[PDB]
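One chain comes next, on its own, written as structure tokens: the form deposited in one PDB entry.
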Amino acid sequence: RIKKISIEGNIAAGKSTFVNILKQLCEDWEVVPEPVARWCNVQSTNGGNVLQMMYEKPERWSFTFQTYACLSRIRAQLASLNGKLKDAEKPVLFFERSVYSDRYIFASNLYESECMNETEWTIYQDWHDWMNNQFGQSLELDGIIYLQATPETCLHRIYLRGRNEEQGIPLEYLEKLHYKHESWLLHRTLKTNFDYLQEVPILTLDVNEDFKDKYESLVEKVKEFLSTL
């Protein structure tokens, strides 16, 4: 009954900014953010900063981070689905990213960059497949909103936000991530193991311009898109 929409975009493209205007548009809309602050202070459900560990030494910490982030996402998304939104009249749940970008964008890029070895990559995919067989059904997407921004725009927006753990990220890394997003969501040439994704509707929104100026037109396009689903 709940419609599920993933918001996808590169680092600092503006996913959280876009997420922060959604609830005011309709009482039956809910959001599941990525728990980025929790990845910076690991505590059981003062701790280690696993996001910082990955960026400081990615060949050591990528597998650990990638497994922890994706599990944390699944847990949060399931918590929202099984909560009070279940009761609303026209419920829509918006996710800040998906299990699909965790694997096909982030973890795949780190494997390709030799930050995971063959063993790590095999274990990660085996784990991801199993987690999706146990839960993929309830989290299946009805639509994707792709917030498209240049990697140079994203690099500027990392500076604007000032999240400590991201200040060292080089343009080269954001560029690699950009081309993976374009392959998946614009050209639709990135192959995955989840056949339904090749037909899921995608709304592409260019977010290179200032949000203050673009807001009204973005909202119009979102409401139109959601009326087709």
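Quick note: we count residues from 1 along the sequence shown, nothing fancier. Between two forms, the rigid core is the largest collection of C-alphas that superpose within 1.5 Å.
Modelling of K214 is missing from a third or more of the other compared entries in which both of its neighbours are modelled. Compared against other deposited entries of this protein, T45 counts as often unmodelled, lacking coordinates in at least a third of those that resolve the residues around it.
Gap check for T45 to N46: 10 or more deposited residues are absent from the model. Just going by the entry, 140 to 148 versus 83 to 91 on mean CA temperature factor gives the higher value to 83 to 91. Look at the C-alpha B-factors of 35 to 43 and of 165 to 173. On average they run higher in 35 to 43. The PDB entry assigns its highest CA temperature factor, among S217, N208, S16, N10, to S217. The PDB entry assigns the greatest CA B-factor among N132, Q77, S108, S101 to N132. Sorting the modelled residues of the chain by their CA temperature factor places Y68 in the middle third. Remark: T204 belongs to the middle third of its chain, ranked by C-alpha B-factor as recorded. Per the PDB record, residue ranking by Cα B-factor puts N193 in the highest third of the chain. In the deposited entry, the Cα temperature factor of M54 places it in the lowest third of its chain's modelled residues.
There is another form of the same protein, the form deposited in another entry; it is not shown, and what comes next is about it.
In the core-aligned comparison between this form and the one not shown, the C-alpha of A88 is the only one from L78, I123, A88, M131 that shifts by 2 Å or more. For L186, a C-alpha deviation below 2 angstroms is recorded between this form and the one not shown after rigid-core alignment.
Relative to the superposed rigid core, the position of the CA of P201 differs between this form and the one not shown by less than 2 Å.
Once the cores line up, the CA of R163 ends up 2 angstroms or more apart between this form and the one not shown.
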